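Report on the structure
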Amino acid sequence: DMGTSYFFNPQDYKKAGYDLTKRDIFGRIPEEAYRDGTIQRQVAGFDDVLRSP
Amino acid sequence: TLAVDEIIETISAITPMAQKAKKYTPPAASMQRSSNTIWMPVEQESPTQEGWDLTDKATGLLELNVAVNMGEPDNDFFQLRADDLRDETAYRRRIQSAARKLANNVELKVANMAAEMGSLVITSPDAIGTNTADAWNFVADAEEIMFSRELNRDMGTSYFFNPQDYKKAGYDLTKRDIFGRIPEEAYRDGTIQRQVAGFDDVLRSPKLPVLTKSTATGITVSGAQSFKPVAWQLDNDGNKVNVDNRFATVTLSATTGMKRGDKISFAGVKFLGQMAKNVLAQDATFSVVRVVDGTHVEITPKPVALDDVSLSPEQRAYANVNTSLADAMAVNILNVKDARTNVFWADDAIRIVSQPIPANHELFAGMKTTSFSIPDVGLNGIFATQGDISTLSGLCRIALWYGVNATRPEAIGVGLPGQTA
Amino acid sequence: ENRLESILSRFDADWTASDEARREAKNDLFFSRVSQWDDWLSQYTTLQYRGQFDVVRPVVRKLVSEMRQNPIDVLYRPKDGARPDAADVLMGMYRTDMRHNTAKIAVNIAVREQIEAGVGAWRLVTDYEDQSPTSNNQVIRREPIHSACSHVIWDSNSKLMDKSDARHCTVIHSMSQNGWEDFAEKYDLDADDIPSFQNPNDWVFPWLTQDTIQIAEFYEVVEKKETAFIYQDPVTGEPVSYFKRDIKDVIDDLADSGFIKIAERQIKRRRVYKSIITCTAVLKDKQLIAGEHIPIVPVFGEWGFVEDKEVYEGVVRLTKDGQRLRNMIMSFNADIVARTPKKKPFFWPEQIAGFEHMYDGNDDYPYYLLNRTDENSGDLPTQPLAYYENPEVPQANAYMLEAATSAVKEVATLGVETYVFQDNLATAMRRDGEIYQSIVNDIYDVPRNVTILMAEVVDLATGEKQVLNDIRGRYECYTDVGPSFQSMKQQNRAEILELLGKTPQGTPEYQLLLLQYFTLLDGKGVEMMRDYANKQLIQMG
């Protein structure tokens, strides 16, 4: 109830963004992962997905 | 020993099935005498004839029924020593946990009965993550079997996934290499969609049962057995007593390795179109409810045969199966591997009867009894306290008297992925 | 550079600065509201008796009653050289939209917290009322703030009691799930994304559940020179209107109605912006609100700065020591009374062997029998009878219970009377009057009094919306403090009676009596009396 968090290391975050951007389509989420490095703030239901250096 | 009052919350349960289940509260004064049973009719089905001159071919009327009953209370009797500080500290939070666990018990019972008395069985030889859109194949197969059997779905329909298969469906959606509305929602949140393949409520349920593989091999039917739709029969005393329409006792060669909830199908026996009585292409599926004796079972859909010759025409008008049992036909199992069950039903298939416990009466002096609303589920119980000094203590009891009933076991279903081997 | 980071830097600075006083005020509220045994660090040892023997709650109740019998409200008065009735419309609107239950309750809550903890506050908000609007289909209402010490956080660099020079304030809102749903519905936020912020409450009392959804409202004030358009009134004179307030809505409708632009000046003014924030994101960025001031009014008790940090105190902070001592001593003495052996004789078993039913407390016997002889010693030793000594409260316990009670009695005397506290409430009311007047100028339709009548100059836009047109001759009335009336008719009645009390029985006394009958409420007999008084006044010229 207090929220759940996921933390990627920078390498896995780059790999996740690459997974989004190699997608042969650019609707909104691959476009965000392309122009910005971010995958998305919420993924697979987790209330907050960040990158931990 | 410094201590605080901030509680570390650790668990959080969700009970969707008990929410979707309609709750029935019949009159207690009559239920006391009726032996906690109440009977309901079943929508009438009529026969028909062809031709002009049909003398002596006039039929009668035959209206079937089912019975809904209830089990035993579900309590949280516990005892409170008046000097132990660790008992004084935790009492109210124990009451809260009692309410939560009672609700959990209710919805677990709902899930278990739905999984163990669901006649419709949708099996797959491979897991849901195997091919593309096979989760949609599951949900659409459930929709199609309901539509073809022409079951009533006016109140609604529901499909409960277990978390494993919910995630498998979400993976299927996000692997689509595109992002519109459905895949984007399935990516940002886990939710696949609220409606899938015609079902108007597709949810995930954390406590759906796992249906163990049956050990049965090479079981056959002993003797031809014709089952006749009847509304009552004479007993040994000449009194007419009613008949449940949702059970049939079948005498097999040997009922070893068969347990309650196993799913079977007889070779050659086929479904029917219910109203129109047109045979389908899918084998009829049954669920064994009780394994009585070592050569009898009780399967929850009654196999009334269309081609049966010993049925009166009004009885044949209730046929849901093309052919009867033939003294040799092979009953083949359908759950041949352990697998958690996805469960679908029409919303009017399961109900929850509930009764009161009148412990507030003037008979029970010394006790203080109050009402106690169970949250989440829509149920009421009693909360009774009685102090003691034979042990210098006090006894607290939260009781709840209900009973789940599958009024239409043929409208409930079970989805069994990975039924290979 | 990040807006959220700058806002959060301000918030953390102010939070840290107010840390001490906020915690002390929360402790004072807990002491005077929940329980005086703030012993939230418990132990699993056998339970010990802990009674509560209050000698500070009667004093708090007396002080709150004393302040309640003396209501105080805002009173607008014309400036020096202004028209004699410059404050009529503003005072009428103030009495119209501050006569409800919400305003009185908010002020009462703030006063009670001012007495107990040391600081309270209330808020002014504007709403669209389409049934009974004060003006321009809008109302101004006063809302309460509970636990102002922990929930209202001011600019740390404010050295004024009323915080007029505070340039940003952050208010923390805490709710449950339903309250959060309603907040999101009301502010057009997303109800799926549950917010979070710095929790201002502690789970010190066993409460089963406590609200855990938090959000913040960050108000900031920016003072700049913005454009004002000099026009020419089609009736008479020349008005001034701010460019922002008619930027696009009626910027041409003024000319089309017949206003001709004359000049364009640059006038300095303050604008207030509100942002809705959580601990991770900014929900609403800089939504501009009404008024030139932050809409929160604080009330203080004993307020000061010790060394670059604020201290506010009530009446309870200095009695906690003595009250805790009195509770502890009375608990110890209760323990003495309960768990102590009573006064009974000391016997050897052989002295009363065979007669132990003579000493169990019945009255069937005329005397008590004993034993004298033993078969080994011949005769029992004869010692004077001894009894367990009676329980007694030690002189130390008695002396210190008396001393702690006397000390609490001596400390718990505000002033000699609540003159200083009522003066601080009057300061709060003057500040509230300032804020309300500014908000009125921003959103209400303020007519101008012409000496040729009461004229309104307004116009509609193409979208059917009406934009108020207010001249810059607005601050014509200032703020004083007077008694609290429910309407201008009540205030005029009070003024008439006040004049009547000091007027001797000459001709003005007759004048004021007829005036009082003129301003009376309506039945049938009072209707006849008022008709007679009106006729007499008319006929007397």
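Positions are assigned from 1 on a per-chain basis following the written sequence, which can diverge from the numbering of the entry; residues without coordinates are not listed. Chain labels run from A onward and ligand labels from 1 onward, assigned in the order the entries are written. Note: displayed chains form a subset of a larger assembly, with all reported quantities computed for the displayed subset only. To get the side-chain values, take all heavy atoms of the structure and skip hydrogens and water.

With the PDB entry as reference, chain C is termed Portal protein, source organism Salmonella phage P22. UniProt positions are given in the numbering used here, feature names are shortened, and annotations may be inferred rather than shown by experiment. The Subcellular location field of the UniProt record for chain C holds the comment "Virion". According to its UniProt record, chain C has this under Sequence similarities: "Belongs to the p22likevirus portal protein family."

As annotated in the PDB entry, chain B is Major capsid protein from Salmonella phage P22. Chain B has a UniProt comment under Subcellular location that states "Virion".

**Some details on the interface of chain B and chain C**
Chain B puts 11 residues into the contact, and the matching count from chain C is 12 residues. Each of two parts loses accessible area, computed with a 1.4 Å probe, when they are put together; buried area is these two losses added. Buried area between chain B and chain C, both sides added, is near 1,300 Å², and the carbon and sulfur share of it is 56%. On the chain B side of the interface with chain C, the three residues burying the most area are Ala3, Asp5 and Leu85 of chain B, jointly 43% of the side's total. Salt bridges are counted wherever a side-chain nitrogen of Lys or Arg sits within 4 Å of a carboxyl oxygen of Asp or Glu. Inspection of the region where chain B meets chain C yields 0 salt bridges. Residues are treated as being in contact if the distance between any of their heavy atoms lies within 4.5 Å.

**Some words on the interface of chain B and chain A**
Across the boundary between the two partners, chain B contributes 12 residues, which contact 14 residues of chain A. Summing both sides of the interface, chain B and chain A together bury roughly 1,100 Å²; the carbon and sulfur share of this comes to 52%. In terms of surface lost to chain A, no three residues of chain B exceed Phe179, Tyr187 and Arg188 of chain B, which account for 59% of the buried area on that side. At the boundary of chain B and chain A, one finds 1 salt bridge. One salt bridge in this structure joins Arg28 of chain A and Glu184 of chain B, with 2.9 Å as the shortest N-O distance. Between N or O atoms, a polar contact is any pair within 3.5 Å; within protein, one atom must be a potential hydrogen donor and the other a potential acceptor, and residues adjacent in sequence are included only when both atoms are from side chains. Across the chain B-chain A interface, the total number found is 4 residue pairs in polar contact.

**Notes on the sheet that holds strand β12 (residues 248-251) of chain B**
Residues and elements named next belong to chain B. Spatially, the 6 strands line up as an open sheet ordered β9-β16-β13-β14-β15-β12, and their pairing is antiparallel. With one partner strand each, in any of the chains shown, β9 (219-220) and β12 form the two edges of the open sheet. Bridging between strand β13 (residues 263-266) and strand β14 (residues 286-290) involves 2 bridges; their strand directions are antiparallel. From the neighbouring strand, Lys263 faces β14, where its bridge partner is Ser287. For two strands to be treated as a pair, DSSP must find at least two bridges joining them. The helix and strand labels rest on DSSP assignments: H or I over at least four residues marks a helix, E over at least two residues marks a strand, and numbering proceeds from the N terminus.

**Thoughts on the pattern of salt bridges**
Here the structure, examined in full by the defined rule, presents 51 salt bridges over all chains. Among the salt bridges present, the one from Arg23 of chain A reaches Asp19 of chain A, with a minimum N-O distance of 3.6 Å. Buried, partly exposed and exposed residues are distinguished by accessible area as a fraction of the type maximum, computed with a 1.4 Å probe on protein chains only: under 20%, between the cut-offs, and over 50%, respectively. When its relative accessible area of 10% is taken as the criterion, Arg23 of chain A is described as buried. Ionic pairing is found between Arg408 of chain B and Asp348 of chain B, a salt bridge with its closest N-O pair at 2.4 Å.

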